[PDB]
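So this block is entry22.cif, mmCIF, C-alpha atoms:
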```cif
data_data
#
loop_
_atom_site.label_atom_id
_atom_site.label_comp_id
_atom_site.auth_asym_id
_atom_site.auth_seq_id
_atom_site.Cartn_x
_atom_site.Cartn_y
_atom_site.Cartn_z
CA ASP W 79 83.71 124.39 101.90
CA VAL W 80 84.14 121.14 103.90
CA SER W 81 84.65 119.18 100.61
CA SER W 82 87.97 121.10 100.08
CA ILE W 83 89.33 119.32 103.26
CA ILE W 84 87.64 115.87 103.07
CA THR W 85 87.36 114.30 99.57
CA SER W 86 85.42 111.10 98.62
CA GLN W 87 88.78 109.20 98.66
CA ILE W 88 89.70 110.42 102.22
CA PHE W 89 86.11 109.52 103.38
CA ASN W 90 86.25 106.05 101.73
CA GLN W 91 89.86 105.26 102.80
CA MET W 92 88.95 106.13 106.44
CA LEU W 93 85.67 104.05 106.27
CA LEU W 94 87.31 101.29 104.18
CA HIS W 95 85.26 98.19 105.27
CA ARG W 96 81.91 99.93 106.06
CA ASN W 97 80.36 98.45 102.85
CA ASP W 98 81.58 94.82 103.30
CA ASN W 99 78.63 92.32 103.26
CA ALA W 100 79.30 91.65 107.01
CA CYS W 101 78.30 95.32 107.80
CA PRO W 102 74.46 95.64 108.06
CA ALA W 103 74.54 99.39 107.05
CA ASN W 104 76.47 98.58 103.76
CA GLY W 105 75.63 101.23 101.12
CA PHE W 106 73.84 103.57 103.59
CA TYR W 107 76.62 106.05 104.50
CA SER W 108 77.51 107.87 101.23
CA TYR W 109 80.06 110.71 100.92
CA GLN W 110 77.30 112.81 99.24
CA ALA W 111 74.99 112.41 102.26
CA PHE W 112 77.82 113.45 104.60
CA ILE W 113 78.65 116.57 102.52
CA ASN W 114 74.93 117.53 102.14
CA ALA W 115 74.59 117.37 105.96
CA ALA W 116 77.96 118.97 106.85
CA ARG W 117 77.28 122.07 104.66
CA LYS W 118 74.18 122.79 106.84
CA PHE W 119 76.37 123.43 109.95
CA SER W 120 78.45 126.60 109.41
CA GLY W 121 81.95 126.20 110.88
CA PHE W 122 81.85 122.37 110.82
CA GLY W 123 85.22 121.40 109.22
CA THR W 124 85.57 125.08 108.03
CA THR W 125 86.92 126.66 111.29
CA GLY W 126 90.58 127.67 111.76
CA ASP W 127 93.55 126.79 109.52
CA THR W 128 93.65 123.64 107.31
CA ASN W 129 95.28 121.60 110.17
CA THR W 130 92.42 122.67 112.51
CA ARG W 131 89.77 121.74 109.87
CA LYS W 132 91.44 118.35 109.26
CA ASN W 133 91.76 117.77 113.04
CA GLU W 134 88.02 118.47 113.56
CA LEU W 135 87.04 115.98 110.76
CA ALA W 136 89.59 113.45 112.11
CA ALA W 137 88.07 113.79 115.65
CA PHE W 138 84.46 113.72 114.35
CA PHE W 139 85.04 110.53 112.25
CA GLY W 140 87.14 109.08 115.12
CA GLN W 141 84.28 109.31 117.64
CA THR W 142 81.41 108.39 115.28
CA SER W 143 83.51 105.43 113.94
CA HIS W 144 83.67 104.15 117.57
CA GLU W 145 79.85 104.48 118.00
CA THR W 146 79.29 102.46 114.78
CA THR W 147 82.31 100.07 114.67
CA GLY W 148 81.99 96.48 113.36
CA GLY W 149 85.70 95.92 114.15
CA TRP W 150 87.34 93.01 116.02
CA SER W 151 90.89 91.99 117.12
CA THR W 152 91.64 90.08 113.83
CA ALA W 153 89.72 92.35 111.38
CA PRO W 154 91.26 93.07 107.97
CA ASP W 155 93.35 96.34 107.91
CA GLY W 156 92.97 96.57 111.75
CA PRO W 157 89.88 97.30 113.93
CA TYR W 158 90.25 101.09 113.05
CA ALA W 159 89.19 100.36 109.40
CA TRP W 160 85.69 99.11 110.45
CA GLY W 161 84.00 102.42 111.38
CA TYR W 162 80.36 103.03 110.24
CA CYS W 163 79.54 99.31 109.96
CA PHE W 164 76.19 99.88 111.83
CA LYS W 165 73.40 102.48 111.66
CA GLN W 166 71.11 101.01 114.43
CA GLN W 167 71.99 99.85 118.01
CA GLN W 168 72.80 96.07 118.12
CA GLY W 169 71.20 93.57 120.54
CA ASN W 170 67.40 93.78 120.94
CA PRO W 171 67.50 97.33 122.43
CA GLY W 172 64.29 98.55 124.11
CA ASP W 173 62.33 101.74 123.41
CA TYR W 174 64.74 104.18 125.18
CA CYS W 175 61.59 105.95 126.41
CA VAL W 176 62.10 108.26 129.46
CA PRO W 177 58.78 110.12 129.79
CA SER W 178 58.99 113.90 129.13
CA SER W 179 56.17 116.50 129.27
CA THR W 180 58.42 118.38 126.71
CA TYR W 181 59.34 115.47 124.29
CA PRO W 182 56.85 112.60 124.78
CA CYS W 183 57.54 108.96 123.70
CA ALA W 184 55.45 108.53 120.50
CA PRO W 185 53.43 105.30 121.03
CA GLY W 186 55.05 102.28 119.30
CA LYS W 187 58.28 104.24 118.52
CA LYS W 188 61.79 103.36 119.79
CA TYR W 189 64.66 105.84 120.53
CA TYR W 190 67.55 103.35 120.64
CA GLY W 191 70.91 104.37 119.14
CA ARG W 192 70.81 105.40 115.42
CA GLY W 193 73.32 106.89 113.00
CA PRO W 194 76.92 108.02 113.47
CA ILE W 195 76.63 109.34 117.07
CA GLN W 196 74.08 106.66 118.10
CA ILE W 197 71.62 109.37 119.17
CA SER W 198 69.43 107.84 121.93
CA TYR W 199 66.32 108.64 124.06
CA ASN W 200 63.23 110.70 123.25
CA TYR W 201 64.84 113.82 124.89
CA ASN W 202 67.70 113.81 122.32
CA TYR W 203 65.56 112.91 119.31
CA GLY W 204 63.23 115.74 120.38
CA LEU W 205 65.97 118.33 121.05
CA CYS W 206 67.82 117.48 117.77
CA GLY W 207 64.58 117.32 115.72
CA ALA W 208 63.69 120.84 116.94
CA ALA W 209 67.23 122.07 116.07
CA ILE W 210 67.45 120.51 112.51
CA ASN W 211 63.67 120.92 111.72
CA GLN W 212 63.04 117.13 111.27
CA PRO W 213 60.20 115.11 112.90
CA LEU W 214 62.55 112.78 114.81
CA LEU W 215 60.30 112.46 117.91
CA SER W 216 57.38 111.18 115.80
CA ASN W 217 59.60 109.32 113.25
CA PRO W 218 62.90 108.45 114.99
CA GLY W 219 63.45 105.81 112.24
CA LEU W 220 64.41 108.69 109.84
CA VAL W 221 67.85 108.65 111.55
CA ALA W 222 68.47 105.08 110.15
CA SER W 223 66.41 105.36 106.86
CA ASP W 224 67.79 108.72 105.58
CA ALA W 225 71.62 109.16 105.43
CA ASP W 226 71.50 113.01 105.24
CA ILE W 227 69.32 113.08 108.38
CA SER W 228 71.57 110.39 109.98
CA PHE W 229 74.70 112.61 109.47
CA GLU W 230 72.72 115.74 110.52
CA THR W 231 71.96 114.16 113.97
CA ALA W 232 75.65 113.42 114.55
CA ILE W 233 76.88 116.91 113.43
CA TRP W 234 74.05 118.56 115.47
CA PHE W 235 75.34 116.69 118.53
CA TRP W 236 78.96 117.63 117.69
CA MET W 237 78.15 121.36 117.32
CA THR W 238 75.83 121.76 120.39
CA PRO W 239 76.92 122.69 123.95
CA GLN W 240 74.67 121.10 126.66
CA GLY W 241 74.70 121.90 130.42
CA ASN W 242 78.29 121.88 131.74
CA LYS W 243 79.65 120.38 128.43
CA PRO W 244 81.11 122.56 125.67
CA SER W 245 80.42 121.49 122.04
CA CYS W 246 82.78 118.80 120.66
CA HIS W 247 83.32 121.47 117.91
CA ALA W 248 84.74 124.01 120.39
CA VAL W 249 87.16 121.37 121.81
CA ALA W 250 88.18 120.05 118.34
CA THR W 251 88.88 123.59 117.00
CA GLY W 252 90.93 124.64 120.10
CA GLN W 253 88.25 127.15 121.22
CA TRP W 254 87.54 125.51 124.64
CA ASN W 255 89.09 126.68 127.93
CA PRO W 256 88.43 124.59 131.07
CA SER W 257 86.51 126.28 133.95
CA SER W 258 87.75 125.93 137.57
CA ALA W 259 85.29 122.95 137.84
CA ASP W 260 86.85 121.35 134.71
CA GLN W 261 90.43 121.97 136.01
CA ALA W 262 89.53 120.32 139.40
CA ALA W 263 88.03 117.40 137.38
CA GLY W 264 91.33 117.15 135.37
CA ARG W 265 89.36 117.82 132.12
CA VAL W 266 92.15 119.15 129.82
CA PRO W 267 91.78 120.30 126.16
CA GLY W 268 92.24 117.32 123.81
CA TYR W 269 90.43 114.30 122.31
CA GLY W 270 89.93 112.77 125.81
CA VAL W 271 87.50 115.52 126.83
CA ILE W 272 85.59 114.92 123.53
CA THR W 273 85.18 111.26 124.66
CA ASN W 274 84.01 112.62 128.05
CA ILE W 275 81.36 114.85 126.36
CA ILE W 276 80.05 111.84 124.37
CA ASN W 277 80.04 109.08 127.06
CA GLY W 278 82.28 110.12 130.00
CA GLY W 279 79.78 109.01 132.66
CA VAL W 280 80.52 105.39 131.53
CA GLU W 281 84.05 105.61 130.06
CA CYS W 282 86.05 108.35 131.84
CA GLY W 283 87.84 108.81 135.20
CA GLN W 284 88.26 105.02 135.81
CA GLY W 285 91.75 104.51 134.31
CA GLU W 286 92.68 102.51 131.17
CA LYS W 287 89.44 101.39 129.37
CA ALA W 288 88.90 99.52 126.03
CA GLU W 289 86.17 101.85 124.65
CA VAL W 290 88.37 104.99 125.17
CA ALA W 291 91.41 103.30 123.54
CA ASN W 292 89.17 102.31 120.55
CA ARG W 293 88.06 105.94 120.07
CA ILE W 294 91.76 106.93 120.19
CA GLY W 295 92.78 104.18 117.65
CA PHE W 296 90.30 105.55 115.08
CA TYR W 297 91.45 109.22 115.64
CA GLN W 298 95.20 108.31 115.28
CA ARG W 299 94.52 106.42 112.01
CA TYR W 300 92.45 109.33 110.61
CA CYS W 301 95.05 111.98 111.76
CA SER W 302 97.60 110.01 109.67
CA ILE W 303 95.23 109.72 106.61
CA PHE W 304 94.81 113.58 106.94
CA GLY W 305 98.62 113.92 107.44
CA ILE W 306 98.30 115.78 110.80
CA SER W 307 99.52 114.98 114.34
CA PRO W 308 96.90 113.92 116.96
CA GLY W 309 98.15 116.26 119.74
CA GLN W 310 97.94 115.47 123.46
CA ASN W 311 95.46 114.42 126.18
CA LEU W 312 94.01 111.72 123.92
CA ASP W 313 92.44 109.79 126.85
CA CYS W 314 89.97 110.66 129.65
CA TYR W 315 91.38 108.00 132.04
CA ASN W 316 92.05 110.58 134.83
CA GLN W 317 89.09 112.88 133.98
CA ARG W 318 86.00 113.07 136.23
CA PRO W 319 82.86 112.64 134.03
CA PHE W 320 80.71 115.76 133.35
CA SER W 321 77.56 113.86 134.53
#
```

Starting from the coordinates I provided, produce the structure as structure tokens.
Amino acid sequence: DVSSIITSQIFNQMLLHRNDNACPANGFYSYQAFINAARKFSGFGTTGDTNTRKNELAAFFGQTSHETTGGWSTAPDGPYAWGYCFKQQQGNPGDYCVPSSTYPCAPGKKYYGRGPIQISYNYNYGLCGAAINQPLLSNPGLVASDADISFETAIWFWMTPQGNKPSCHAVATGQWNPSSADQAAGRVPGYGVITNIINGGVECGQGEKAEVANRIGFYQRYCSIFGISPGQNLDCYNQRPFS
């Protein structure tokens, strides 16, 4: 069971400032919601030895903390204590509608970033909704109104290969071997290739970049909280994006 690896105290010590009044999602992201969702994905945080299980949870919280961070340079306990501050994309984001015969934009609905992986666009709400049996295309708001659903979108993303990308799960559990294409692209097993899966097109293969460092900062802090070593190839600075 995933609760044998990550306790409420480990969850809350990682996501220490998420419930400060400054964080608009305060009180949304409960440990119970996370556990309810995580138990629906066999293998999530239950694959390999205890170090592997801890590493997968460390990597998962590392990446999702970046997508939802309310951190800053001079934030209490460091910027890597401010994961999961948000549940909805900041700014005045638009509808994230890209017309699809397969997953149409429900009139009046918006598919901007929601929940721990900031799932975006009607294609992804549709694909995920179909996978987790939730009406996310018609009611994309569920991802910010219901914490179990919110966590389910993020773990769905984590567990699901797409196109030329392995699952984050396969990489995090050491069950991913680079193809010839990946080797030519300098995509090496490690946390950097997880970044590349999530947002490489923007963040990877351009040298030192703030967003990539921030994802690493969270993962290093959580590896320490779990009492494991991060391992190598933490960055995607020299990796060609997948897309």

Item to check | Nearest candidate to residue 249 of chain W (options W:88, W:290, W:262, W:271; using only C-alpha atoms) | outcome: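 With only C-alpha atoms as the atom set, the closest residue is W:271.
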
Next on the checklist: Suppose a student applies the PyMOL selection byres ((chain W and resi 155-163) around 9) to this structure; what residues should they get, written as a PyMOL selection string?
Outcome noted: chain W and resi 91-98+100-104+107+139-140+142-154+164-165+193-194+292-293+295-297+299-300

Next on the checklist: Since I can't run it myself right now, could you work out what the PyMOL selection byres ((chain W and resi 79) around 12) selects here and report it as a PyMOL selection string?
Outcome noted: chain W and resi 80-85+113-114+116-125+128+131

What would the file look like if the residues just selected were written as a compact mmCIF listing (two decimals), in the frame of the given file with C-alpha atoms?
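So the final result, stored in selection.txt, reads:
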```txt
# COMPACT_ATOMS: atom_id res chain seq x y z
CA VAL W 80 84.14 121.14 103.90
CA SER W 81 84.65 119.18 100.61
CA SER W 82 87.97 121.10 100.08
CA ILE W 83 89.33 119.32 103.26
CA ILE W 84 87.64 115.87 103.07
CA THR W 85 87.36 114.30 99.57
CA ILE W 113 78.65 116.57 102.52
CA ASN W 114 74.93 117.53 102.14
CA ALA W 116 77.96 118.97 106.85
CA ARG W 117 77.28 122.07 104.66
CA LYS W 118 74.18 122.79 106.84
CA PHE W 119 76.37 123.43 109.95
CA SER W 120 78.45 126.60 109.41
CA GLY W 121 81.95 126.20 110.88
CA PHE W 122 81.85 122.37 110.82
CA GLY W 123 85.22 121.40 109.22
CA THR W 124 85.57 125.08 108.03
CA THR W 125 86.92 126.66 111.29
CA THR W 128 93.65 123.64 107.31
CA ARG W 131 89.77 121.74 109.87
```

Next on the checklist: With the PyMOL selection byres ((chain W and resi 205) around 10) as the selection, what would be picked from this file? Answer as a list in words, please.
Outcome noted: residues 180, 181, 200, 201, 202, 203, 204, 206, 207, 208, 209, 210, 211, 214, 215, 234 and 235 of chain W

Checklist entry - In Å, with one decimal, what is the gap from atom CA of residue 283 of chain W to atom CA of residue 311 of chain W? => result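 According to the coordinates, atom CA of residue 283 of chain W and atom CA of residue 311 of chain W are separated by 13.1 Å.
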
Next on the checklist: If I take atom CA of residue 178 of chain W and atom CA of residue 223 of chain W, how far is one from the other in Å, to one decimal?
Outcome noted: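 One can read the atom CA of residue 178 of chain W to atom CA of residue 223 of chain W distance as 25.0 Å.
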